[PDB]
Protein chains: 2
Amino acid sequence: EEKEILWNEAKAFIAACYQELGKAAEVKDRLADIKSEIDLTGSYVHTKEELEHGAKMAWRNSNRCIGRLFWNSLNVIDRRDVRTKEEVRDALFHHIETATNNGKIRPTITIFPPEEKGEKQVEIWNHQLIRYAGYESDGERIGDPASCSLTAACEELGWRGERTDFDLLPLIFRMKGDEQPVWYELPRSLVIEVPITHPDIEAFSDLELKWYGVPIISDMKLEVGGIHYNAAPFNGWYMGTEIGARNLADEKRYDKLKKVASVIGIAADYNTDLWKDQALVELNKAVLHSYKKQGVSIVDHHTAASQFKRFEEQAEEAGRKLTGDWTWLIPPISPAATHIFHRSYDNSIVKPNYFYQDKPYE
Amino acid sequence: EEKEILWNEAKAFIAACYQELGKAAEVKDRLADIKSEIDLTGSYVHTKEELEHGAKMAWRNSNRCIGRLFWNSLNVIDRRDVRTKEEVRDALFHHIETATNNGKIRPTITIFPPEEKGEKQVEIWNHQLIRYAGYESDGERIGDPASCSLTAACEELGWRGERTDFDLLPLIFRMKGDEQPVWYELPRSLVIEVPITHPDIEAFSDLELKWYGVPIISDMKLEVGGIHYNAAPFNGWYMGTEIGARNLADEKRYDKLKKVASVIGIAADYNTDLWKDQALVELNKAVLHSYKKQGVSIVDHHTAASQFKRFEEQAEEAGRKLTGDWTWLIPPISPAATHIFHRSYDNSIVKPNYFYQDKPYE
Ligand code: HEM
Ligand code: HEM
Ligand SMILES: N=C(Nc1cccc(CNC[C@@H]2CCCN2)c1)c1cccs1
Ligand SMILES: N=C(Nc1cccc(CNC[C@@H]2CCCN2)c1)c1cccs1
Ligand SMILES: C[C@H](O)[C@H](O)[C@H]1CNc2nc(N)[nH]c(=O)c2N1
Ligand SMILES: C[C@H](O)[C@H](O)[C@H]1CNc2nc(N)[nH]c(=O)c2N1
Ligand SMILES: [Cl-]
Ligand SMILES: [Cl-]
């Protein structure tokens with residue numbers, strides 16, 4: 001059954017990929033080589049062209065992603081050659097460096113060896129390559145609550161956080177054959193952070209907020225033609241709302257809205273004053289202003305929605321079905337001010353794609 | 001088939017209704033009377049108790065409604081006795097009066113004779129009993145674009161609007177047997193309107209915005225136990241966002257955000273300034289402030305979401321399945337600041353319920 005799943009997924013991928021790449025005539029012969037390879041080895045190896053286009057198609061098929069207009073310009077780094085943890089570490093360090101690009105973020109994916117018999121070659125524990133630790137002791141809350149379980153796991157492995165609200169987690173990953181993951185502290189010279197200030201309200205800096213420049217998702221599985229790339233960290237730039245309306249705003253995250261209300265000088269007493277709404281707008285303005293001021297790429301939700309409209313138009317013109325998840329595409333502030341809110345999307349799963357996978361801790 | 005649909009829907013309704021009303025022992029005998037009545041007449045007549053509880057259950061089952069906490073206190077007016085257009089008109093006038101209640105809005109439904117053989121006894125053309133006209137001539141846009149087709153229809157029937165941005169449409173409805181609907185101008189003494197001012201910004205009144213106090217939906221079908229009440233107008237009070245974030249804000253409605261930005265003294269030049277978001281918050285603050293100032297009932301989206309949470313808890317405690325439409329329940333401003341955004345809802349259709357029906361014009 002599993003070999004059959006592989007062969008069926010391979011046929012569909014190669015046909016579609018080579019079609020898009022104007023290589024339709026080569027499908028028959030390539031499919032033959034693959035079937036022989038599957039027959040003999042139980043798997044098959046992608047060409048660099050297939051891997052690159054596969055990762056791009058996967059982005060193009062991500063229903064929840066508003067940033068998909070730029071799917072074809074993804075920078076793909078092929079690291080299927082890594083065998084040692086030093087090589088994995090250096091590949092992760094390099095990814096941070098080249099993606100960051102001094103603030104002018106390059107959307108990038110680094111692809112590590114794929115699963116073989118469902119057996120992982122490299123198992124990354126981080127949710128993102130750069131993320132803040134979180135602590136909860138006797139209801140003493142410090143840092144990012146979303147990171148509490150990974151933080152506890154790292155502190156089982158000999159690491160110790162300083163317990164500021166913004167401790168950088170180390171990279172943590174496990175190699176096939178090892179029982180325990182290893183961890184490496186991030187070189188600070190690689191990590192761009194942005195202090196949050198407001199363009200008009202000087203007091204906003206009293207909150208001493210900051211965020212990291214580059215979100216690099218390192219816990220999702222890239223699936224291409226039946227091949228499972230469980231370790232394939234990827235990044236874009238942020239849409240402002242992700243930081244201003246969720247990461248810093250959610251009650252189960254940094255929960256900063258009451259403090260925002262205070263520094264911008266409004267009461268946080270009555271629902272009818274819409275103080276949370278007002279606070280949300282000012283915090284989101286601050287985030288965009290701050291990233292811009294520091295020369296770190298970011299997009300606001302209106303511009304991103306405009307871009308996504310172009311993506312919809314591009315798909316229609318190319319004759320491709322458009323898929324999307326309305327519930328994730330709408331931004332968490334002023335969603336009805338975007339076109340997205342006023343239409344519907346087919347939420348069908350199309351592969352290649354990026355998928356959730358079980359966490360190796362917890 | 002149709003008689004069978006009726007009987008099956010009746011059995012399920014009576015069993016459930018009498019169950020909730022602690023009248024389970026009376027189900028058998030009542031079901032017998034109904035089946036005989038259906039056999040002989042092709043339909044059946046609800047008791048006043050069934051009709052009242054049916055309209056309440058219907059509200060309780062409205063997946064898109066955030067205001068459902070108060071389902072059991074609906075004021076039901078039984079007008080199955082009307083036979084003349086004067087009686088229909090006076091029943092509609094009375095509904096406006098008693099629901100308005102000098103500003104302290106009473107959630108109310110007036111129920112007219114139901115369809116017989118799918119044949120309507122009374123056919124209401126209005127979307128809401130109180131609504132503003134809309135005009136579009138050579139790209140001269142006046143009033144509410146949502147009302148353009150109904151407005152054109154009324155002007156075919158001898159009515160003429162003054163062509164302000166806030167012309168009150170007349171009541172318009174058709175009696176069984178008549179080819180054309182009749183229309184009656186609304187007595188102004190019955191219609192409460194609210195001028196929109198801002199609590200802090202005096203210039204906001206320069207926009208000369210207003211809205212009507214009581215939204216009374218008059219174009220949806222109430223379905224109870226297989227009986228189709230096509231004419232059953234109902235009202236609650238507004239949630240502020242319906243006016244501030246949609247009716248006055250949508251580009252295809254009153255489209256006021258650029259003018260709001262101007263009067264509150266911010267630039268409307270750059271997406272990154274989040275001027276639309278800021279304008280939305282201030283316009284929504286103005287709407288709540290204005291309704292409160294005039295002593296007209298209204299609810300903000302945070303309070304309404306809190307109430308809906310209680311509705312969820314109430315359902316769980318009573319052992320009832322909860323159904324909802326996530327996409328409609330989330331408010332159009334700061335949705336992620338409500339609990340609704342962070343959970344999911346079963347969007348199954350449960351009857352009794354309120355449904356869309358075809359418009360008799362257009
Ligand atoms: C270039 C800038 C990009 C922007 C502004 C952007 C924007 C977003 C946003 C705002 C989300 C929702 C995240 C959340 O609410 O948690 C998202 C989801 C997603 N994006 Fe993108 N994105 C970008 C690039 C990329 C790239 C390069 C990839 C991968 C190649 C990608 C794949 C995804 C995936 C898989 C999700 C879903 C995550 C999940 O389900 O948890 N995006 N994107
Ligand atoms: C008491 C105050 C009430 C509030 C604040 C409230 C709030 C709302 C809101 C905000 C919507 C969404 C409307 C839209 O976006 O167009 C809605 C939908 C709805 N409400 Fe309520 N509601 C209330 C009472 C009622 C009552 C009394 C009924 C009927 C008995 C009702 C039945 C519905 C229905 C059927 C919808 C769906 C309309 C559609 O699909 O277009 N609600 N409610
Ligand atoms: N801008 C981005 N946002 C993004 C995309 C995918 C996933 C995530 C991470 N979402 C984390 C949240 C944390 C609460 C629930 N999931 C962020 C990108 C990250 C990586 C590439 S684009
Ligand atoms: N507060 C209310 N809002 C409400 C409820 C149902 C329907 C409507 C009308 N929605 C009209 C919009 C117009 C654009 C698409 N439909 C409003 C209530 C109206 C009647 C009872 S509650
Ligand atoms: C396309 C989408 O379903 C549509 O725009 C919906 C979204 N959610 C909504 N929610 C409410 N309350 N009211 C609406 O009119 C809409 N419009
Ligand atoms: C329950 C609901 O599906 C969940 O809260 C979703 C809603 N839409 C979202 N949309 C985005 N972009 N990100 C999220 O984390 C969520 N959360
Ligand atoms: Cl994030
Ligand atoms: Cl309305």
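Residues numbered from 1 in each chain as written, not as in the entry; some residues may be left out. Chains lettered and ligands numbered in written order. Heavy atoms only, no water.

- The record names X-ray crystallography as the way this model was obtained, at a resolution of 2.09 Å.

### Details of the interface of chain A and chain B
Logical step 1: Taken together, the contact between chain A and chain B spans 30 residues of the former and 30 residues of the latter.
Logical step 2: Remark: the boundary between chain A and chain B carries zero salt bridges.
Logical step 3: Connecting chain A to chain B are 10 residue pairs in polar contact.
Logical step 4: Among the secondary structure elements, those contributing two or more residues to the side of chain A that touches chain B are helix 8 (275-294), helix 9 (301-318) and helix 10 (326-329) of chain A. (Contact = heavy atoms within 4.5 Å. Salt bridge = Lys/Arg side-chain N within 4 Å of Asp/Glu carboxyl O. Polar contact = N/O pair within 3.5 Å; in protein donor to acceptor, adjacent residues only side chain to side chain. Helix = DSSP H or I, 4+ residues; strand = E, 2+ residues; numbered from the N terminus.)

### Overview of empty space enclosed by the protein
Logical step 1: This model, assessed by the stated rule, comprises two cavities of 30 Å³ or more.
Logical step 2: A volume near 60 Å³ is recorded for the largest cavity.
Logical step 3: In this structure, the largest cavity is lined by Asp277(A), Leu280(A), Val281(A), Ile333(A), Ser334(A), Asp277(B), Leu280(B), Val281(B), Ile333(B) and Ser334(B).
Logical step 4: Elements with a minimum of two residues in the lining of the largest cavity: helix 8 of chain A together with helix 8 (275-294) of chain B.
Logical step 5: Roughly 30 Å³ of internal volume is contained in the second largest cavity.
Logical step 6: Lining the second largest cavity are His302(A), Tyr270(B), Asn271(B), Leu274(B), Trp275(B) and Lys276(B).
Logical step 7: Considering only residue class, the lining of the second largest cavity consists of three nonpolar, two polar and one charged. (1 Å grid on protein atoms, 1.4 Å probe; cavity = no way out; pocket = protein on both sides within 12 Å on 5 of 7 lines; lining within 4 Å. Points joined across faces, edges and corners; volume = space filled by probe spheres on them. Nonpolar A, V, L, I, M, F, W, Y, C, P; charged D, E, K, R; others polar.)

### Here's the deal with the pairing of strand 4 (residues 134-137) of chain A
Residue and element names in this part refer to chain A.
Logical step 1: Note that strand 4 and strand 5 (residues 140-143) share four bridges and pair antiparallel. Residue pairing across strands places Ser137 opposite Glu140, the latter belonging to strand 5.
Logical step 2: Here strand 4 folds back onto strand 5, and the loop between the two strands holds two residues, one of which, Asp138, carries a positive phi near 40 degrees. (Pairing = 2+ DSSP bridges.)

### Digging into the site of ligand 4
Residue and element names in this part refer to chain B.
Logical step 1: The environment of ligand 4 is formed by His127, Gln128, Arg131, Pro215, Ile217, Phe234, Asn235, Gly236, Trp237, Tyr238 and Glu242.
Logical step 2: Within the backbone of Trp237, an N or O atom sits 2.8 Å from a nitrogen atom of ligand 4.
Logical step 3: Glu242 has a polar side-chain atom sitting 2.7 Å from a nitrogen atom of ligand 4.
Logical step 4: For ligand 4, the accessible surface in isolation is 520 Å², of which the surrounding protein chains cover 63%.
Logical step 5: Classifying every residue of the shell around ligand 4 gives five nonpolar, four polar and two charged.
Logical step 6: When residues are assigned to domains, the shell around ligand 4 turns out to be shared by domain 2 (81-106 + 121-192 + 356-360) and domain 3 (193-215 + 238-303), each giving three or more. (Near = heavy atom within 4 Å. Areas by Shrake-Rupley, 256 points an atom, 1.4 Å probe, with all protein chains shown as cover. Domains from an automatic or database assignment.)

### Some thoughts on the site of ligand 2
Residue and element names in this part refer to chain B.
Logical step 1: Close contacts around ligand 2 come from 16 residues, with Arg64, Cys65, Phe234, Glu242 and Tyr356 the closest.
Logical step 2: Here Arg64 contributes a side-chain N or O atom positioned 3.2 Å from an oxygen atom of ligand 2.
Logical step 3: Within the contact set of ligand 2, an oxygen atom lies 2.7 Å away from a side-chain nitrogen or oxygen of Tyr356.
Logical step 4: Class assignment for the residues of the shell around ligand 2 results in 11 nonpolar, three polar and two charged.
Logical step 5: Domain assignment of the residues forming the shell around ligand 2 places at least three in each of domain 1 (1-80 + 107-117 + 221-235 + 305-329) and domain 3 (193-215 + 238-303).

### Remarks on the relation of the copies chain A and chain B
Logical step 1: Of the transformation placing chain A onto chain B, the axial shift is 0.0 Å and the rotation is 180 degrees, giving an RMSD of 0.0 Å. Interpreted geometrically, this transformation is the action of a two-fold axis. The position closest to the rotation axis in chain A is occupied by the C-alpha of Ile333(A), lying 3.0 Å away.
Logical step 2: Most of the interface of chain A is mirrored in chain B, where 100% of its interface residues again form contacts. (Least-squares fit on C-alpha atoms.)

### Brief notes about the coordination of the iron atom of ligand 2
Logical step 1: For the iron atom of ligand 2, the protein supplies a single donor, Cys65(B) (SG), at a distance of 2.6 Å.
Logical step 2: Within the secondary structure, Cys65(B) is located in the loop between helix 3 (48-60) and strand 1 (75-78). (Donors = N, O, S within 2.8 Å, 3.2 Å for Na, K, Ca; no water.)

### So, unusual backbone geometry
Residue and element names in this part refer to chain A.
Logical step 1: Cis geometry marks the peptide bond from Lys351 to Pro352, where omega comes out at 5 degrees.
Logical step 2: Located in the positive-phi region is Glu208, a residue other than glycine, with phi close to 50 degrees.
Logical step 3: You can see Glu208 is positioned in the loop between strand 8 (193-195) and strand 9 (210-212).

### Details of the sheet that holds strand 13 (residues 234-235) of chain A
Residue and element names in this part refer to chain A.
Logical step 1: Spatial ordering of the open sheet is given by 1-2-13-10, a layout of four strands whose pairing is mixed. Either end of the sheet is taken by a strand with one partner, and the two such strands are strand 1 (75-78) and strand 10 (216-217).
Logical step 2: Here strand 2 (residues 108-111) pairs with strand 13 via two bridges, running antiparallel. Looking at strand 13, one finds that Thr108 is bridged to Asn235.
Logical step 3: Contacts from helix 3 (residues 48-60) reach strand 1 and strand 2 within the one sheet, and its direction differs from that of strand 1 by about 135 degrees.
Logical step 4: Sheet contacts for helix 4 (residues 85-100): strand 1, strand 2, strand 10 and strand 13; angle to strand 2, the most-contacted strand, approximately 165 degrees. (Axes fitted to C-alpha atoms, helices over the stretch in contact; angles between N-to-C directions.)

### Overview of the domain arrangement of chain A
Residues and elements named next belong to chain A.
Logical step 1: For chain A, the assigned domains read domain 1 (1-80 + 107-117 + 221-235 + 305-329), domain 2 (81-106 + 121-192 + 356-360) and domain 3 (193-215 + 238-303).
Logical step 2: Its C-alpha centre places domain 1 at a distance of 36 Å from the equivalent point of domain 3.
Logical step 3: In this complex, domain 1 contributes six residues to the contact, which on the side of domain 3 involves seven residues.
Logical step 4: Across the domain 1 to domain 3 interface the summed buried area is about 430 Å²; carbon plus sulfur atoms make up 48%.
Logical step 5: Considering only the surface of domain 1 that becomes buried against domain 3, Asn235, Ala305 and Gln307 emerge as the three largest contributors, covering 64% of it. (Buried area = accessible area lost by both parts, 1.4 Å probe.)

### Points about the nonpolar core
Logical step 1: Within the largest apolar cluster, 94 residues are counted, with the highest numbers of intra-cluster contacts made by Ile109(A), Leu222(A), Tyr354(A), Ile109(B), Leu222(B) and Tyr354(B).
Logical step 2: Setting aside residues no more than four positions away along its own chain, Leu222(B) makes contact with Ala55(B), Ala58(B), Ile109(B), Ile111(B), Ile227(B), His228(B), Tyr229(B), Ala232(B), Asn353(B) and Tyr354(B). (Core = buried A, V, L, I, M, F, W, Y, C linked by side-chain atoms within 4.5 Å. Buried < 20%, exposed > 50% of the residue type's maximum accessible area, 1.4 Å probe, protein only.)

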